[PDB]
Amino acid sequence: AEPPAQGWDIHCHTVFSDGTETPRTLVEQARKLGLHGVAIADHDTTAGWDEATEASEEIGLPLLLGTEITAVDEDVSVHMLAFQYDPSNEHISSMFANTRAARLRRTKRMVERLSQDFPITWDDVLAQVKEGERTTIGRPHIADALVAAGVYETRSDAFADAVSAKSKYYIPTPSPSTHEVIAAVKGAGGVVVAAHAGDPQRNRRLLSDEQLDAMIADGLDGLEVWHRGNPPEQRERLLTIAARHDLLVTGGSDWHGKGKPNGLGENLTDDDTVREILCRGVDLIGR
């Protein structure tokens, strides 16, 4: 297989987490770029769903409703994309609330340490959280505060240094397991995809085939293959696993607006695969 030349970008972040733009801007731009549709996929939240739906309806661009869920498997950080699930589901709702509170707590303790050595305060970080309580907070907002304070040129510079996972300031966020996340997403009627699973900058080691097999047995629907973080060998490895188990194969930009170099639409999911996501997920039309 090859990355599709046309289709949907199903991996896009907004101000409701670590992106710089609104759901409306995402939809408007996705249409302008000739995309067939888009998804919102903010971290550990559905807070931008109503805004995204409204935009989609006003601008006339099909939308997938999604969330990027922070998770862990043994010692491996794993991000799970969850699409078209019941947002009022009590298990998934409380798991997100817990992750957001754990994130808040962690990110505050990181800023407390960073402020000993850098000119940043909790309020400078809060200034970078664009939707307030409705924004899922994390390291990008710290990086942004350090750029607003003049310590680094870009958000990516900050991550190369003080905000890096290697640094003495770093704290990990307590996260649910991939087995729990998959059960919750399937419980809520959704479709679950392992995000950029071949990406080494994320982890000391990638998920192994055995860990992927156990997630497939849990109900994993798919693998994000077309992503700038997956090198060629890993794309072939993941495509093979997907072919062997009949998994869906997705692509997306991981756009965060000005927060990353990733271009909206730079990788895509084909129309057939989006069809299938929609058919497997919950009918949210009306809700």
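The first residue of the sequence shown is number 1, and the count goes up from there.
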property: Higher-scoring stretch by recorded Cα B factor average, 120-128 or 189-197; result: 120-128
property: 179-187 versus 160-168 - which carries the larger mean C-alpha B factor in the record; result: 160-168
property: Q84, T135, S208, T154, ranked by C-alpha B-factor: the highest one; result: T154
property: Of the residues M95, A71, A214, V147, the one carrying the largest Cα B-factor as recorded; result: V147
property: CA B-factor ranking of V76, expressed as a third of its chain; result: middle
property: Assigned third (lowest, middle, highest) for the C-alpha B factor of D44; result: middle
property: Chain-wide C-alpha B factor ranking for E58, given as lowest, middle or highest third; result: highest
property: Cα B factor band for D254 (lowest, middle or highest third within the chain); result: lowest
property: Third of the chain, ranked by Cα B-factor, where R244 sits; result: highest
